[PDB]
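A.B. asks: Pasting a structure below so you can have a look.
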Amino acid sequence: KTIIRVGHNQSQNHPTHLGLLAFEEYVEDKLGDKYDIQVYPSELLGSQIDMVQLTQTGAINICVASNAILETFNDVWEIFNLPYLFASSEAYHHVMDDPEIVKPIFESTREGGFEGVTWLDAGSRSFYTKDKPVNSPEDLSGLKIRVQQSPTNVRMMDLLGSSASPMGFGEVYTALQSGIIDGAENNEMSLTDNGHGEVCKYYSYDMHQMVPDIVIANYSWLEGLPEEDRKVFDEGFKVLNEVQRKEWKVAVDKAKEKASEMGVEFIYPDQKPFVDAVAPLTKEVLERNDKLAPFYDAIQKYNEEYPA
Ligand SMILES: O=C(O)[C@H]1O[C@H](O)[C@H](O)[C@@H](O)[C@@H]1O
Ligand SMILES: [Cl-]
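Structure below.
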């Protein structure tokens, strides 16, 4: 058979793994005599940055990468990394499901060896810290906060009066434990599935970003598929999206409960001071990249249709 290698950086219990297992089962049920889909969880194929590069060369076929890091491969991905971009999770989901918005973005990096085929839900990202609770941006002053390898997020930390420490997701637990960083920012699953709540017990819902995870496929590989095979893989990507999103809802609820049981304290800060502190980032990003405005306009229509 033809081996299709698929990587991601999450545990085997995470929604993304469950979605990819559904993908594998869907495709192999229709075409199993021909393809063996192999899913490599928990950074078995490397950190996310490692995997995107392996996808570019075709050493693996498909991987999952946070939108945060894709902006370094093509600047148009920056659009979904803007802080306080979406008014509501409903606005966000409708945006990511709108082909007129996502297709031009997903296809932007074909010359770099890959294209986006779907997205996966990763909730919203908020600050969590070890020693001191975050109630407003000034509480981040003098802290070192881990972010993804994303110039947008580095700039966001600068505007918050803080300092960014970019590193891969698998490094964060030990970096927190050793005191190399003071905190990080993510959805609630980081606390439980990745153990960050063992060290960080203050989780403050500033909800600065809703950053999609993107499923990317090697472009030569994908376009090389025979018509009928491509149709099955495409259907599989839709199943992946659907199963991951359903499982995400379940998992994030369980994560919140388990975090509480672990001793994490959830804080609900006033978001306005965070919004105002990082507003210049959106102004700067839009001014520098004129590809973005029409996507931003379209997102605003969804914000209006699905407000908070
Ligand atoms: O902050 C990060 O690095 C990670 O954040 C979330 O877990 C996201 O789903 C991952 O794709 C990502 O790698
Ligand atoms: Cl990485």
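Heads up, the deposited numbering is the position in the sequence shown plus 29, with the first residue counted as 1. The C-beta atom is built at its ideal place from N, Cα and C for all residues, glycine as well.
Which ranges would you report for the beta strand (DSSP E) in the region 286 to 312 if only whole runs of at least 3 residues count?
C.D. replies: Correct list: 294 to 296.
A.B. asks: What is the DSSP secondary structure of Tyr335, reduced to helix, strand or coil?
C.D. replies: In the structure shown, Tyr335 sits in coil (DSSP, three-state: anything other than H, G, I, E or B).
A.B. asks: Relative to ligand 1, is the shortest distance from any of its heavy atoms to the C-beta of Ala193 smaller than 7 Å?
C.D. replies: No, the beta carbon of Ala193 sits no closer than 7 Å to any heavy atom of ligand 1.
A.B. asks: Tell me which residue opens and which closes the alpha helix (DSSP H) that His122 is part of.
C.D. replies: Where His122 is concerned, the enclosing alpha helix (DSSP H) stretches over 118 to 125.
A.B. asks: Can you name the start and end residues of the alpha helix (DSSP H) that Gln85 belongs to?
C.D. replies: It spans 77 to 86 - the alpha helix (DSSP H) in which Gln85 sits, taken as one unbroken run.
A.B. asks: Any heavy atom of ligand 2 within a distance shorter than 7 Å of the CB on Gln39?
C.D. replies: No, ligand 2 has no heavy atom inside 7 Å of this Cβ.
A.B. asks: Could you give the first and the last residue of the continuous alpha helix (DSSP H) run that contains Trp250?
C.D. replies: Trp250 -> alpha helix (DSSP H) spans 248 to 253.
A.B. asks: Can you list, in chain order, the residues of its chain whose CB lies under 8 Å from that of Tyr232, leaving out five sequence neighbours each side?
C.D. replies: Within the same chain, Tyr232 has close Cβ partners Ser155, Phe156, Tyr157, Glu217, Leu220, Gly226, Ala288, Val293, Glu294, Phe295, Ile296.
A.B. asks: Looking at the secondary structure, which residues open and close the beta strand (DSSP E) in which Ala94 lies?
C.D. replies: 91 to 95 is the extent of the beta strand (DSSP E) around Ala94.
A.B. asks: Between which two residues does the alpha helix (DSSP H) harbouring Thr203 extend?
C.D. replies: It spans 201 to 207 - the alpha helix (DSSP H) in which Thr203 sits, taken as one unbroken run.
A.B. asks: Within 10 angstroms of its Cβ, does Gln329 collect 16 or more other Cβ (buried), or is it exposed?
C.D. replies: Exposed, by the Cβ-count rule.
A.B. asks: Can you find the residues in the same chain that come closer than 7 Å, C-beta to C-beta, to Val261, ignoring five residues on each side of it along the sequence?
C.D. replies: Answer for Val261: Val56, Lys59, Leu60, listed in chain order.
A.B. asks: Check whether the Cβ of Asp242 lies closer than 7 Å to any heavy atom of ligand 4, and answer yes or no.
C.D. replies: In terms of ligand content, the structure shown lacks ligand 4 and carries ligand 1 and ligand 2 instead.
A.B. asks: Taking contact to mean at least 3 C-beta pairs separated by less than 8 Å, is the region 195 to 215 in contact with the region 75 to 87?
C.D. replies: They touch, by the three-pair rule.
A.B. asks: So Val268 and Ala120 are in contact, right, with Cβ under 8 Å, and what is the actual spacing, rounded?
C.D. replies: Actually they are not in contact, since the Cβ atoms of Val268 and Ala120 sit about 24 Å apart, beyond 8 Å.
A.B. asks: Considering only residues of the same chain and omitting the five flanking positions on each side of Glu276, which have a CB-CB separation below 6 Å?
C.D. replies: Only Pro44, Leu47 meet the Cβ criterion.
A.B. asks: Could you check what DSSP says for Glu257 in three-state terms: helix, strand or coil?
C.D. replies: If DSSP states are grouped into helix, strand and coil, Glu257 belongs with the helices.
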